[PDB]
Each structure stands twice: as C-alpha cells, then as structure tokens.
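Peer 1:
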Ligand SMILES: O=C1CN(Cc2ccccc2F)CC=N1
C-alpha cells in the first residue's frame with residue numbers, strides 16, 4: 001500500500017504545516033501537524049475542556065462506529081516549546097492520503113495548554129518519531145507509521161515541505177519526480193527516539209564550507225533551525241545590524257536586510273537554504289526588527305533541523321530494520 005497527502009502552511013510565515021487526516025467511521029477529517037520529533041497522535045475532541053477549544057475541529061468518538069475506548073490508558077506530553085496536552089485513548093481507523101490503519105491509538109485531549117488553544121488551525125499532532133517516545137500508559141502505543149509499515153510497498157515516508165506553499169507527505173514510496181539529482185543517505189541513531197543524524201558541516205552565503213560534525217534531529221514539528229551558538233553567530237555576523245536580543249528571545253535583524261543563504265552538509269552532499277527561508281518577519285506587527293529563522297540550540301540540549309532546513313530538501317525517513325535519513329535538493 002501507499003498514501004499521499006498534501007501538507008499546507010498554517011500562515012504566511014510557514015510556522016507549521018497541517019495535513020488532513022480521516023479518523024473514524026464515518027470519517028471525521030481533522031487537520032494535524034505531522035511531527036517527526038514526537039510519537040503521539042493526539043486530537044482535540046468532544047472530551048477537551050470547553051474553555052480550551054477555540055475554533056479547532058474536534059474528534060467525537062461517540063459518533064464513530066469503529067471507535068473503542070482503550071481501557072485504563074492515559075497520555076500526557078510536554079513539547080520543547082513548553083506546550084502540553086493530556087487525556088485518554090481510543091483505538092479507531094485512521095487514514096492519511098488513502099493509506100488506512102485499523103486499530104490506531106487516537107489520543108483524545110482532555111486538557112491542552114494555551115498555545116494549542118490559541119492556534120485555531122491545528123486540530124492535533126500526528127507523531128512520526130520512534131514509538132519508544134509514545135507517552136501512553138500503562139501500555140505504550142505505536143505511531144501511525146509503525147502500524148502501517150508492514151503493509152507499505154517500502155518501509156519509508158517522505159517529507160516535501162513547501163516554502164510559502166503546499167507540499168507533500170508520502171508513505172510507502174519515493175516519488176522520483178519530486179527532487180533533483182540523487183538522494184544522499186546518512187546514518188540515524190534511534191537512542192533518543194528521534195531521527196537523529198550528523199551533518200558534515202555548513203557554509204554561510206558564498207563562504208567556504210566548514211567541515212564539522214553537527215549531531216541533530218530531523219523535526220518537521222519545529223519551525224526553525226537550531227544549531228550550535230558558534231555556527232549561528234557565524235551566520236548572523238554576515239547580516240548588518242543583526243543581534244541576539246534577550247528581550248525578544250533570539251537573533252533579530254533589520255527587516256531591510258537581504259539575508260545570505262545557509263548550506264548544511266549531508267555526507268559529501270550539500271543542501272542550500274535560500275536566505276528568504278530564514279526571514280520570519282516583524283517581531284511585532286509594524287516593527288522594523290525581524291525574527292531570524294536560524295537560532296542557537298544552546299538552551300535546548302539538542303540541535304534541531306526544523307522546517308527552515310527540511311523545506312529546502314526532499315527528505316526520506318527510511319524505517320528499514322536499520323533506519324536511515326535521505327536528503328535531496330529539489
Ligand atoms: O517550533 C515551534 C512549533 N510551533 C510554532 C508556531 C508559532 C506560532 C504560531 C503557530 C505555531 F505552530 C510552536 C512553537 N515552536
């Protein structure tokens with residue numbers, strides 16, 4: 001089997017991407033944030049505290065003839081940005097882009113933190129990291145990919161995120177029309193439950209490439225590119241008037257600037273992030289200070305190849321017995 005779904009930026013800055021997902025019988029279509037940095041499929045629901053729902057579409061398990069309570073199971077998750085959610089669990093039929101999994105754990109939110117409530121465009125998350133991070137207790141549950149894997153034509157999914165435009169998530173096949181040149185594959189460590197890999201270095205604009213190992217995660221659920229402070233300082237030093245602002249919470253730059261590109265290494269290959277991808281616009285409406293898309297990871301404990309980096313590539317998440325990542329230009 002295969003599946004193919006379009007993913008759409010939630011706003012003009014590409015802050016996140018939403019992908020429609022069919023849940024239940026008859027189908028209830030929710031727009032989920034596909035997150036390769038977590039492993040829970042959770043939704044706004046008929047159980048969510050009413051004051052914490054503000055425009056999201058909800059899953060109502062009582063209207064699904066295939067929904068079953070997963071008796072005794074609870075979940076609770078906290079994300080890198082300080083957001084959280086928790087609740088109880090159903091199993092139900094879940095389809096993405098024509099690919100169907102029966103018996104998928106659908107984590108129903110009873111509580112969500114303010115950042116979720118305040119985002120009307122995201123109806124929940126679909127985790128695509130390794131199932132070892134799934135938070136369901138007392139019986140840990142599998143991701144949608146792990147449940148689909150054995151049925152897929154090839155045990156892979158691909159992320160093809162657009163810059164200020166829709167893109168695609170494919171399951172079970174590699175669309176050889178979707179990228180230029182060849183795919184370079186690189187080793188993955190699953191020890192922390194992430195798609196963790198080691199970049200071979202970076203360049204800033206037309207500058208020389210610096211060969212240096214940068215361990216980090218491929219994370220579709222993180223907006224920005226978080227790298228070591230040395231690398232980030234080297235980038236922003238090429239932008240007149242850029243500075244790290246403790247009050248704003250990262251590097252800002254004059255909105256009048258033209259940003260240089262940023263290149264990262266994948267083995268002997270190179271992915272170029274155009275400068276425009278690094279502009280996240282005014283810090284507040286009408287400001288001439290703009291927020292940067294490359295930020296320090298120093299306060300995180302891990303480097304994160306988030307959407308700013310991934311949207312510059314066609315990315316293969318290879319779930320073979322020994323997982324690997326692939327990157328191609330596009
Ligand atoms: O990397 C992230 C992911 N997400 C970004 C975001 C920002 C503004 C509005 C919506 C949105 F999803 C939440 C925080 N950090």
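Numbering (the deposited numbering), first residue to last: 1 to 330.
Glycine included, C-beta positions come from ideal geometry on N, C-alpha and C.
Please work out which residues of its chain come closer than 7 Å, Cβ to Cβ, to residue 67, disregarding the five sequence neighbours upstream and downstream, and give them in chain order.
Peer 2: Along the chain shown, one-based indexing puts residue 67 at 67. 24, 61, 90, 92.
Peer 1: Is DSSP giving residue 5 helix, strand or coil here?
Peer 2: Sequence index remark: in the chain shown, residue 5 carries index 5 (1-based). Three-state result, residue 5: strand.
Peer 1: Please report the Cβ distance between residue 323 and residue 188, rounded to the nearest whole angstrom; I am assuming they are in contact, meaning their Cβ atoms lie under 8 Å.
Peer 2: The count along the chain shown starts at 1 and reaches residue 323 at position 323. The count along the chain shown starts at 1 and reaches residue 188 at position 188. Going by Cβ atoms, the distance from residue 323 to residue 188 rounds to 4 Å, so yes, they are a contact pair.
Peer 1: Determine contact between the region 154-169 and the region 42-60, defined as no fewer than three beta-carbon pairs at a distance below 8 Å.
Peer 2: Taking 8 Å as the limit for Cβ pairs, the verdict is that the region 42-60 does not touch the region 154-169.
Peer 1: Sort 197, 316, 54, 146 by Cα distance to residue 175 and report the nearest one.
Peer 2: As a position in the chain shown, residue 175 is number 175, starting the count at 1. Nearest option by C-alpha distance: 316.
Peer 1: Do the region 260-271 and the region 201-218 meet, that is, are 3 or more Cβ pairs less than 8 Å apart?
Peer 2: Taking 8 Å as the limit for Cβ pairs, the verdict is that the region 201-218 does touch the region 260-271.
Peer 1: What whole-angstrom Cβ distance do residue 332 and residue 152 have, given they're in contact under 8 Å?
Peer 2: Absent from the model: residue 332. The displayed extent of the chain is 1 to 330, so no value can be given.
Peer 1: Can you list, in chain order, the residues of its chain whose CB lies under 6 Å from that of residue 308, leaving out five sequence neighbours each side?
Peer 2: Counting from one through the chain shown, the residue named residue 308 turns up at place 308. Counting only Cβ-Cβ distances below 6 Å, and skipping sequence neighbours, we find 224, 225, 277, 293.
Peer 1: If you draw a straight line from the alpha carbon of residue 261 to that of residue 279, how long is it in whole angstroms?
Peer 2: Residue numbering aside, residue 261 sits at position 261 when the chain shown is read from its first letter. Residue numbering aside, residue 279 sits at position 279 when the chain shown is read from its first letter. Going from the Cα of residue 261 to the Cα of residue 279 covers about 11 Å.
Peer 1: Have a look at residue 71 and residue 103 and give me their C-alpha separation to the nearest angstrom.
Peer 2: Locating residue 71 in the chain shown gives position 71, counting from the first residue. Locating residue 103 in the chain shown gives position 103, counting from the first residue. Rounded to the nearest angstrom, the two C-alpha atoms are 14 Å apart.
Peer 1: If we ignore side chains and look at the alpha-carbon of each, how far apart do residue 140 and residue 302 end up?
Peer 2: In the chain shown, counting from the first residue as 1, residue 140 sits at position 140. In the chain shown, counting from the first residue as 1, residue 302 sits at position 302. If you take the alpha carbons of residue 140 and residue 302, they lie about 24 Å apart.
Peer 1: Can you check DSSP and say which residues form a bridge with residue 325?
Peer 2: Position 325 of the chain shown, counting from 1, holds the residue named residue 325. Bridge partners of residue 325: 186, 317.
Peer 1: Give me the Cα-Cα distance between residue 334 and residue 128, rounded to the nearest whole angstrom.
Peer 2: One cannot answer for residue 334 here, as it falls past the ends of the chain, which runs 1 to 330.
Peer 1: Looking at C-alpha atoms only, which residue of 286, 100, 88, 142 is the closest neighbour of residue 48?
Peer 2: Position 48 of the chain shown, counted from the start, is the residue given in the question as residue 48. The candidate whose alpha carbon is nearest that of residue 48 is 88.
Peer 1: Would you say residue 305 and residue 216 are within 9 Å of each other, going by their C-beta atoms?
Peer 2: Here residue 305 corresponds to residue number 305 of the chain shown, with the count starting at 1. Here residue 216 corresponds to residue number 216 of the chain shown, with the count starting at 1. Yes, Cβ-Cβ distance for residue 305 and residue 216 is below 9 Å.
Peer 1: Among 229, 275, 290, which one has its Cα closest to the Cα of residue 254?
Peer 2: On the chain shown, position 254 is the one that residue 254 refers to. Nearest option by C-alpha distance: 290.
Peer 1: Is any non-hydrogen atom of ligand 1 found closer than 8 Å to the C-beta of residue 306, if you look at the structure I gave you?
Peer 2: Position 306 of the chain shown, counted from the start, is the residue given in the question as residue 306. Yes - ligand 1 has a heavy atom lying nearer than 8 Å to the Cβ of residue 306.
Peer 1: Might you give, ordered along the chain, the residues of its own chain that have their beta carbon closer than 6 Å to the beta carbon of residue 265, omitting 5 neighbours on each side?
Peer 2: Position 265 of the chain shown, counting from 1, holds the residue named residue 265. Closer than 6 Å at Cβ, skipping near neighbours: 199, 200, 201.
Peer 1: Near residue 250, which residues of its chain fall below 8 Å by C-beta distance, leaving aside the five closest residues on each side in sequence?
Peer 2: Within the chain shown, residue 250 is the residue found at index 250, counting from 1. These residues qualify, in order along the chain: 244, 291, 292, 295, 296.
Peer 1: Given a cut-off of 9 Å, decide if residue 325 and residue 190 are closer than it, judged by their beta-carbon atoms.
Peer 2: Here residue 190 corresponds to residue number 190 of the chain shown, with the count starting at 1. Here residue 325 corresponds to residue number 325 of the chain shown, with the count starting at 1. Contact: no.
Peer 1: Assign residue 161 to buried or exposed, taking buried as 16 or more other Cβ atoms, counted over all protein chains shown, within 10 Å of its Cβ.
Peer 2: Within the chain shown, residue 161 is the residue found at index 161, counting from 1. Label assigned to residue 161: buried.
Peer 1: With a threshold of 16 other CB atoms inside 10 Å of the CB of residue 95, please say whether the residue is buried or exposed.
Peer 2: What you label residue 95 is simply residue 95 of the chain shown in a count that begins at 1. By the 10 Å Cβ count, residue 95 comes out buried.
Peer 1: Is residue 115 close to ligand 1? I mean its beta-carbon at under 8 Å from any heavy atom of the ligand.
Peer 2: The sequence position of residue 115 within the chain shown is 115, counting from 1. It does: the Cβ of residue 115 is within 8 Å (strictly closer) of some heavy atom of ligand 1.
Peer 1: Are the CB atoms of residue 159 and residue 220 nearer to each other than 9 Å?
Peer 2: The residue labelled residue 159 in the question sits at position 159 within the chain shown. The residue labelled residue 220 in the question sits at position 220 within the chain shown. Yes.
Peer 1: According to DSSP, residue 333 sits in a beta bridge with which residue or residues?
Peer 2: Nothing can be reported for residue 333: it is not among the residues displayed for the chain, which extend from 1 to 330.
Peer 1: Find out if the Cβ-Cβ distance for the pair residue 123, residue 30 is shorter than 9 Å.
Peer 2: Counting from 1 along the chain shown, the entry for residue 123 is found at position 123. Counting from 1 along the chain shown, the entry for residue 30 is found at position 30. Yes, these two residues count as a Cβ contact at 9 Å.
Peer 1: With a threshold of 8 Å on Cβ separation, who are the neighbours of residue 242 within its own chain once the five nearest residues in sequence on each side are excluded?
Peer 2: As a first step, residue 242 must be located in the chain shown, where it is residue number 242. Excluding positions up to five away in sequence, the list reads 236, 251, 252, 253, 254, 257, 292.
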